[PDB]
Visitor: 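One structure, pasted below without further comment.
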Amino acid sequence: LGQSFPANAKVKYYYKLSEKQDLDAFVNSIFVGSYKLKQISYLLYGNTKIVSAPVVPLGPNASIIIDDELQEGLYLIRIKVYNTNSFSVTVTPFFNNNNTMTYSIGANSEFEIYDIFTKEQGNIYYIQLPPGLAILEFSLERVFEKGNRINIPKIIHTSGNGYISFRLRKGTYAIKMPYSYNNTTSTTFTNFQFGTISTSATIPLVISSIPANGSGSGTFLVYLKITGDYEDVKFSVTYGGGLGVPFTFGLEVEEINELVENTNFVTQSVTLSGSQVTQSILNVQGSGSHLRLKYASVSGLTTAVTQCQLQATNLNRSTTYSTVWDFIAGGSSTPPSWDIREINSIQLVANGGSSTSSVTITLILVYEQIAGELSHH
Amino acid sequence: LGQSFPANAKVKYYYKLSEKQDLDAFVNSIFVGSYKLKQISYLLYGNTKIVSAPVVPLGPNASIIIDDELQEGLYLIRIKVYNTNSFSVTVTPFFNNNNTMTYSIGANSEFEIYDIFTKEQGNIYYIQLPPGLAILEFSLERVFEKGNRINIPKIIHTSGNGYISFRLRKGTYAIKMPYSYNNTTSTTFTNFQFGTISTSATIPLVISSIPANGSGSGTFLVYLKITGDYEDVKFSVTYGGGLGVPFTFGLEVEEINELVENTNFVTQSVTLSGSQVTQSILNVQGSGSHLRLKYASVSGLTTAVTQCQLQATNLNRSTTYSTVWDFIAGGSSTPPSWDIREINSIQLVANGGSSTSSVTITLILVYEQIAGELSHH
Amino acid sequence: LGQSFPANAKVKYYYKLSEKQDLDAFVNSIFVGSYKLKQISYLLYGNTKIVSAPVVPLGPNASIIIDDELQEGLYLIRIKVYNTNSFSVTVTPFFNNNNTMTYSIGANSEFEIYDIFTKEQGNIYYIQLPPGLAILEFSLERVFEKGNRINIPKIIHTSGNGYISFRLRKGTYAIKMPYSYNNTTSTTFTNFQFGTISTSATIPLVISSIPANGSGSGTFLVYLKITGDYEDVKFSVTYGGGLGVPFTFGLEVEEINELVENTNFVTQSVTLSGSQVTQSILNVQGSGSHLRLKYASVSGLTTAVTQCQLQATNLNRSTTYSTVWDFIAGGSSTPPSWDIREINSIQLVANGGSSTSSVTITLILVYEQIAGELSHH
Amino acid sequence: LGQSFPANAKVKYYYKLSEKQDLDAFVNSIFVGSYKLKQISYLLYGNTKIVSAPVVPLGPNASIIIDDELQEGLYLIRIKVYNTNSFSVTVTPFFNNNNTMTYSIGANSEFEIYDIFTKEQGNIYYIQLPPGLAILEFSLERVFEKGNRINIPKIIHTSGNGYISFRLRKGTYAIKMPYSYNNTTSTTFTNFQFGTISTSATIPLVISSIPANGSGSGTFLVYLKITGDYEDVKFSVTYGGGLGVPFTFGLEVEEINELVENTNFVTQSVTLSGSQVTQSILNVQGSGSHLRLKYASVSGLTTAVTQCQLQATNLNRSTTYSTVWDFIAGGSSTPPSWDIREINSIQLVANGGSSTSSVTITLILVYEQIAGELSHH
Amino acid sequence: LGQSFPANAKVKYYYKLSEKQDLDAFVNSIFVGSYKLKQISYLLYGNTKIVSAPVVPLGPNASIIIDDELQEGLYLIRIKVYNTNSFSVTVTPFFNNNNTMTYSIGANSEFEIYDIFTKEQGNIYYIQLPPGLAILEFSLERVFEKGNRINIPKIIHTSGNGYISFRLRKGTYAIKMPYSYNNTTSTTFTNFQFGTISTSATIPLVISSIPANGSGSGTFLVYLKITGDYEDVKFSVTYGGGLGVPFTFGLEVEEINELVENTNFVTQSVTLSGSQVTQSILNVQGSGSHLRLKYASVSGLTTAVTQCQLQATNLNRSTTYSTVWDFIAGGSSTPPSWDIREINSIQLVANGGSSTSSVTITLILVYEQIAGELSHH
Ligand SMILES: O=P([O-])(O)O
Ligand SMILES: O=P([O-])(O)O
Ligand SMILES: O=P([O-])(O)O
Ligand SMILES: O=P([O-])(O)O
Ligand SMILES: O=P([O-])(O)O
Ligand SMILES: O=P([O-])(O)O
Ligand SMILES: O=P([O-])(O)O
Ligand SMILES: O=P([O-])(O)O
Ligand SMILES: O=P([O-])(O)O
Ligand SMILES: O=P([O-])(O)O
Ligand SMILES: O=P([O-])(O)O
Ligand SMILES: O=P([O-])(O)O
Ligand SMILES: O=P([O-])(O)O
Ligand SMILES: O=P([O-])(O)O
Ligand SMILES: O=P([O-])(O)O
């Protein structure tokens, strides 16, 4: 199955394979297998574009393999191809660690293969190309330069497994995945987990309900705050290869400015009767967002209350909550300079009252919910 | 109507078609149709510039078509042409989504065709060029690099329909459209909607009045805050093709720094007599702006008032208002750290008093109005 | 007076005209007229530099004219020339809109012609060069790239009119103009307006006094805050062509970080006797600066005072003042979160007292004066 | 041991040595010694890549030495090699200051040599290459351009000494070092110091425990705030060459945005009985973090307390603490604007009470702990 | 002493003079004088690098002179040379304004000449090279691009005069100068001023004491806040040419992020007895730093105090202090929003009490000292 290939020539970041000098370099550097040069024609707004391009001949798949020392960074790869066959063919994009998800390329048509490649730690780009595909252009470009984003249309097919990985430098990002599915089973799912997005922090991609035998479409939209100390992002399809619910999805990854999703004044009562109570106020871990606390106050405090502490943490960093305000020691409301950032869970720990005489206290809290899942540390 | 064309050569980002090597590449990549090479002369400050350039011959329009894998981004296209005809000709710029708006190119004159092209998702650039146009230069440049802006002069003609789309990366932008119109009808129009600017959020472009049989000019100026999760912007002319009010307009799109349009101390009374009241305080949705709340206070509170909550939202994200301060639970005025950002609508919800004994409360509010329509989420 | 010229060749951003290939391109693209190639010598630190360069021959002026689709942006142009004449020659730089201000180039000397050119909306660069000038180098570079500034030495001559325009992207800029003048009149000028700097907002450049028959020097230094929605800046000399006060000046335009010019606690009393009073507190419109209010308080309020509102505005945006604090409705002092930005004029509107019993109130205000004239909106 | 070498040719930032013109330049500039050109084959995804590349022949090691005036900055070097020997060979990377730590390159295999080189003050790059190594590619790239990071996999071998140095421009950085160790001794270690990271400020890299005869893996993760006045960072392995605990580690250096590790409300009592007490509250010097104080308050103050001052400092800058709040002179709690940044140690100095009548005061403090060791000044 | 030189060829930003085409350009553009091509050898890690390079022959010094229109900006020049003489030679770097300070280049050794060149306003680079120096490479690179800094090692010799000038764009910068001195005199110095750093603002570089006949070393480290309106920085050695205290020093200029040097709570009493008192609180003008005031309070105010104003200024901008808080008119302590930036001198002006009954008031102040001398305006 393996073949030998000559690889002496310097790699280019762009090839138009209908140019002789680009083709000559391509097949002495990153192309594996043989090719036949053919005249290729396809329609553009009713006009017929005609080029001579290399076509993969009958036999084993060809490959493109790049181990050269490209400039490090995250590349969007675009391969312009034309399927000369009268039947569909499939391609399995690299996506750094995919080997199951596919593109379906229709008979007698031009098609854009999108791929993603992180050049770090000697990573080697690899993709196989089936017989009858003409290769017209091959493009390597770094994304997140000059304000570009990853924007892959809804063409990625999965049947329950697959991976896409990419490195993100510091910043906050939106990851958007338009999808369509076709449920072929008689099973009704509720809270169907399609997949997860994670750094070393995990965000589940969940659909409220997928009706039996139904088809539908929607969009996943989540946000990651990349502090910068954990840059490798991993998307995994988790619902399981044999389920019978094929999805087709797109992938958009783009830098955003701060997004305050909402700001809220909230109130929570706690009744104390002799025992310590730990009351969750808010937990947005795994949601694609985090919190910022601006103000807190507790009413109903009496000498019968022995403990009343507001605690918070970044659960992706630590499961141990730290006290951010002590209403007994510090007073019934937070001072003007009090501002709690980079947390995603808040609880109130209180104690007091008796088994015969309970005390009810009321916490009020003003907080912002801000886009971006917090990373591990 | 369709023609075949050879497209083997690598596309360039700049062509001067009076250079042989540029012309040769141009007509083996992106130019459809035949040309005649002619000596072209035109005036610059009284001097006669003379070049040899390709001219579209009598017959079908020529086209420029680009499906090549250009670096992704938003391009400003400039085509320098010279109309060799003794009559005006028209061109229909691509603008990503336009096929009705035109440029009018005068007889025997040089002209700059401006176009806009978003290279994402395999988008294909397309423009037709009529017989007698000489094509002198063709330029592709990314805007919003190096602090550039889109700046098209007042030369775009519409008679009631048309579209222009473009991708904007994160940032706040001004969109300015200088216009002139001629109302050839005997009808005077009020709150005339010329068009809309939208992302997935909508801003109407409205003219207070257009006098019957009148002609006039003005400038639309609106702002978009692109968080970055919705980047595709769409301008639509909506007044209707057969109306009889031709407009000529320009388009300037440029990044801005934060613009505080004004800061205001405002007061609002509400009379309560037993029933819940929901009182709108401010709603700037669709205005090209948003709000920031700095301080609020309510006077006149008594035990007769059972509810008094200030609520706010980004209506482009959610029609459900969230409470941002509760004057009963939290006290009659907001604390120093209270600061409500990224909203565009505010209301007061209150209840109390009786059918026989009403209570009047007064809200005071300090807020900023900030340039930039908020996007959907 | 007009001549024809061949313009087939691609324009370059740098030419050294003593190189044959640069000269060949230059005279087949942007140079109008004939030249004579001559050996040119001039002194550098006592050494004689020798080059062969094109010289404008006896006859009509030559021109440089550039209408090609250069990358858009603001260019600083430098032309290195050598005056082979035994007499002075003058050149009139383009400066986008100038046709009266001049450089005076001494006999038998090297000289740097600085020019400014905004490549937007098909703008065409144009400058004439008199006989006997050798053209050594021609340089086009974008400024405000890589932290560069416009820095033209004190060599620009005006006798009372002239214009320089340039586009500035978003940011705050200093505009500095070192000048010398010779008053050839016996008139003592008081508050002599030399010129103005404006966007669509105007800053007068004023000298306190110019003594009769006097000669002097100084520096204008003003600042513009370019929000980004109005980028075209225009400098105009306004004192009048026949006045008899020639100036020579330089031009430095450079981006700055925020500059707090001063912060002040100020007090203002107002006496009320039955009628509404509108008292100006501060107005810095047209000064090259704006204001930020941090704190305000009014003492002396009694039930005899019926109105006491602090109002502010950006006069370049609106002549209608908005209330920023109401001391009656809101209380005698501003809250911690009160912060009024982007204004340049403040007034107090008050009413109360009677014709027989006046009331005196005292406003205190803390504000910053910040560099940068606010733009129109 | 030393050899002469020709070095006339300009240095390149990238060489692919299977290209004749790159090899020719390489061996007339930076390569020392002889080479034999050989056909080299190795496996990539089951395919056989074949190139002709220079191999170090039997005899003395070859060297690469670069003293040329490269653009200044910090370079990541990658050398793609292939070990043609049937035995392992070792290489000692430059790392600016290393001459003991090694890579181990397996028999008959391709390997990526990573190195680091700071081009400042005439620094000269140097690495030796043993016989039988084929050199395929040599890459010099600046890191921290375009959001790149240093990311070297876990392949660096130390047995108790070694240095790596690099220059960081202003910013905050994470330094992450995944490691594995093998303790060959019967000795049990506690608070094992592997090494230190320092600027002119020192951060110990410590392992809680290394069990006797144990092997283990973990990750060091520390942060440096580079103000910019001290840019040269030095990593030192300190545990001692003969210890018998070999480590293998990786190195990741990347820029981060502000990281609030946690925010805490803390309380501390101090009992006074006639003598001055200096009570440490918090000291995070050498931890890879610093502090920011937001609010402080002291309860229990009476006329019996004569001194109560909160003091802070950046210990890397100064061992003398400065008073940041005086609870006697200033009052029992800090004002809204009180905010103490860029410190890493806090203490309370207090005095009062008597030998017969003690007074207990309680300090409460709200502070953030922020990633980044503070530098010296 | 002056020579003629041919200068037709375009200037390059990098020359390796052992390449024929680089040398050919070099000696037809910027090199003045004759050269002899010689085989040059020197040691690098025990290996002998051999190149053929131009050597200045016996006779007058050669010169490098550059008046060409290089891209504007601040350049670091590196000249790699080799002294073929068996005696030391000296070179005088340009440094924009130097003509006394020298490098000493040892016999038979390679050496890096560092120089600084501001390309603005037609500035011409100039340096003389003595007989016997081989010139191997010549490099022109803009600093402050890509996060580079000026970093010249301790090799600049002065005996009491000399200048270095450079342009800095907006930012805050550290200027670090490691130095060594030899006092050949038995004079012991106190507060020895070595030199000054200034913009149009001045910072003295002072050494506490220089013992008689002593030698020593140390480092000057000061900071400049470049707002951007004054960008030209001048370093002057001022101690005087004949003093007999030679220094050798290096120069490091690098951009920094905000540096809070310290934050302090300070107290100051003032006794009033009928006369106005102006009490200096803090003055850091000329120190390389500035202040920011966060909070102020005065205790001891009575009706016997008629004036109590805190005043501040940027003395580099204005010698007139402005009132920043009036404790009589405004109250005994500053409000939460009070924050005074960009000042470097604070005083309290007070009046009250009588010749027979004095009043003592106490000011408390919290302020930050921040790196960066403020510039003139
Ligand atoms: O390498 P990029 O895609 O992060 O710029
Ligand atoms: O791959 P990392 O960036 O999570 O270490
Ligand atoms: O950095 P933030 O705005 O995501 O909290
Ligand atoms: O791709 P641009 O046009 O957003 O820079
Ligand atoms: O395509 P979007 O970026 O406007 O959702
Ligand atoms: O981010 P802004 O547009 O609410 O200031
Ligand atoms: O075009 P520039 O001068 O704004 O860079
Ligand atoms: O020319 P503008 O920048 O005022 O539209
Ligand atoms: O943006 P600023 O200049 O109002 O601070
Ligand atoms: O030189 P760099 O790697 O610091 O950008
Ligand atoms: O090595 P430095 O960056 O501390 O001077
Ligand atoms: O320098 P900071 O923002 O990390 O405290
Ligand atoms: O011109 P630079 O060296 O300031 O970037
Ligand atoms: O030369 P400047 O930048 O001090 O005006
Ligand atoms: O930010 P600063 O330098 O004005 O204190």
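Just the heavy atoms: all of them, side chains too, but no hydrogens, waters or symmetry mates, feed the values below. Both ligands and their constituent atoms are indexed starting at 1 by order of listing. Each chain gets a letter, A, B and so on, in the order the sequences are listed, and its residues count up from 1.
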Visitor: Between B/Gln285 and B/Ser345, do the side chains contain a donor N or O and an acceptor N or O under 3.5 Å apart?
Guide: no

Visitor: If we only count N/O pairs under 3.5 Å, is D/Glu231 in contact with ligand 11?
Guide: yes

Visitor: Kindly confirm or rule out an N or O of E/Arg149 lying under 3.5 angstrom from an N or O of ligand 11.
Guide: yes

Visitor: Whether C/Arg341 and B/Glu368 form a salt bridge (side-chain N of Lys/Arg under 4.0 Å from carboxylate O of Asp/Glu) is what I want to check.
Guide: yes

Visitor: Side chain, backbone, both or neither: which applies to E/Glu252 and ligand 11 if a contact is any heavy-atom pair less than 4.0 Å apart?
Guide: side chain

Visitor: Do you know which of D/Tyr223, D/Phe144, D/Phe166 makes ring pair (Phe, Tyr, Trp, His ring centres under 6.0 Å) with D/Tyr173?
Guide: D/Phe144

Visitor: Cation over ring, A/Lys176 on B/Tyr230, under 6.0 Å and within 45°?
Guide: yes

Visitor: Okay, side chain of A/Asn264, backbone of B/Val324: is any donor-acceptor separation there less than 3.5 Å?
Guide: no

Visitor: Counting only heavy atoms, which portion of E/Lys176 has something under 4.0 Å from ligand 11: side chain, backbone, both, or neither?
Guide: side chain

Visitor: If the criterion is any heavy atom closer than 4.0 Å to an atom of ligand 3, which residues make the list?
Guide: A/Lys225, A/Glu258, A/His290, A/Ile370

Visitor: Would a distance-only check, ignoring hydrogens and angles, find a side-chain to backbone donor-acceptor pair under 3.5 Å from D/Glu342 to E/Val260?
Guide: yes

Visitor: Please report whether the ring centroid of D/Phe94 lies less than 6.0 Å from that of D/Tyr75.
Guide: no

Visitor: Can you tell me if D/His376 contacts ligand 11 (heavy atom of the residue under 4.0 Å from the ligand)?
Guide: no

Visitor: Under 6.0 Å from the OH atom of D/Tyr163, do we count more than 12 heavy atoms belonging to anything else shown?
Guide: no

